[PDB]
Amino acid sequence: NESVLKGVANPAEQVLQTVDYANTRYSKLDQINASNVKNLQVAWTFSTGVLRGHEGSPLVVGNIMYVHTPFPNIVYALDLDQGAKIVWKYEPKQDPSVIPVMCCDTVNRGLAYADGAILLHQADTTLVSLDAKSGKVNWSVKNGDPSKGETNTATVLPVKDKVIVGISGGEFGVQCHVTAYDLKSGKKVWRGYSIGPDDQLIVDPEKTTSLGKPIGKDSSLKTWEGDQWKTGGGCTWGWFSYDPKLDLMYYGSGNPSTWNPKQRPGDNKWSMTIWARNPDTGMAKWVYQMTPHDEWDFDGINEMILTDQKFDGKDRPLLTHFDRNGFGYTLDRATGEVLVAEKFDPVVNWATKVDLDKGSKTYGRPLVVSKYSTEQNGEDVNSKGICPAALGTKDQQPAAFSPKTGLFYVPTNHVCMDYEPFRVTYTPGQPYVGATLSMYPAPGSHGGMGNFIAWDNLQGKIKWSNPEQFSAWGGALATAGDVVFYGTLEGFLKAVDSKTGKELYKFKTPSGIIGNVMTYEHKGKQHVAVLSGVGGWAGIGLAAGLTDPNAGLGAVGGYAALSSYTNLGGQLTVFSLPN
């Protein structure tokens, strides 16, 4: 919406979970800079009343702050003028039957502002348009059916007069998609599935290009066996980006259906894929699969950061993406050409490289190492030592980009995995996985399970790396003060120098941080806020109460030592400087 581009142009606000349309997570505010951020103090705090994992960030439109919670996804409206008083509250009624049909915690990744409305996407696949000034419901529409195992954890993207939403359920045999709804009415406009026939994909077989060449007819059907694409995954629970000058929205598709690759032969397109659609029609201009025929649940849903940098001496419209498979891709967001494809964790061993030789016969595909391939090791065989784990080198936590340093600040994981697939039959509403996993720190390094690194997307190198004891599940934020903020799983909100990488600030929030750090400006003064509350997959052992070491799909026993640093929580902490 034009109401969104007016909010991105106001650095005192945050009208999107992604900061800007380009998903850069870079704020122009420079009141809190590298020279005074040591003096940062807590201004005020606010508890949400909800436990489990708190992802996302609050929005601040004008002088009103909007805070969301995990299930049942309550929306608070705090009057920043009235001392953070609750002006209106939206407590939705949802079926508690929806919690067990969620892969990995009851999380919700935030709201969005458009045309005076607060857009909420509930866990039960219900899209609600709430009035920003009163909280009254403008319209409610159900995007899916949790009876079939279809939930939602992602945020929405408002573009022009439409709202594009995602759906979760890659672990429940869901044929996922992305859906555009009317902003003023909530009517369905177009629905672009990630898998299936060409009409359901909304793809031009002669004009939609993959790796520079047309995708052809039945590009996705010819890579699936029989009717298993109807339960084929490729879900869309990540972050959405948009370039208005190109009229293109970008997102990533999730894992292909079950975790047993033997019963799912073929490339399983277009799961694990970067998409580029028209917001109005849904027509894909170009498309690129990162992990063909997945064997490790390397959901390719991570954010698509749009930047304009000089590549080979030419100013190119770029697209950088830090995938779960451990590779940081740098693409031409206009054509879809893959320029760079390197590992942003040196321990990644599942593939030797991503073949980018333009006449290699394997152009654009990762060279799968047979030692760490679960399909080659076969069903009911434990593939030991695969790095990264199923949670990947980087999960839902979004990375940030600083145009001053030209670097990407990505909160990474450092966990490897034992993987044993087995055959499973599909029942609607029941999980459709077929794998028993065990996670543990990488044998190298220092025993830590996380790193906060700086990335150069034009040569594919790590400029500097900061270690972390546990994984870095919190979204990062870079500012014009040469600072980057991110939260640790032990509940620490850290600030590092954009160029050097030195820790400048560290404060203990009440719980582990899996949400994204945000900043805003009220009465002329910059504040930085973050939601605390450990959860997601890293804190599934604490959030779900699991005690088995293999429960929670391996992540319960992988983060056992997390319990001696944090409990469950639901707090928002706001920081500023002494007046």
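For every residue, the number given is its place in the sequence shown, counted from 1.
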Read off the CA B-factors in the entry, average them over 359-367 and over 448-456, and name the higher stretch.
359-367
378-386 versus 308-316 - greater average Cα B-factor per the deposited record
308-316
Checking the record values for 192, 326, 238, 96, which has the greatest CA B factor?
96
Among 200, 471, 73, 208 - the residue whose C-alpha B-factor is largest in the record
471
Just say lowest, middle or highest third for the CA B-factor of residue 114 relative to the other modelled residues in its chain.
highest
Per the entry's values, where does residue 26 land by CA temperature factor relative to the rest of its chain, in the lowest, middle or highest third?
lowest
Third of chain Cα B-factors occupied by residue 537:
highest
Rank-wise, by C-alpha B-factor, drop residue 47 into the lowest, middle or highest third of its chain.
lowest
Within-chain third of residue 100 by Cα B-factor, per the entry:
highest
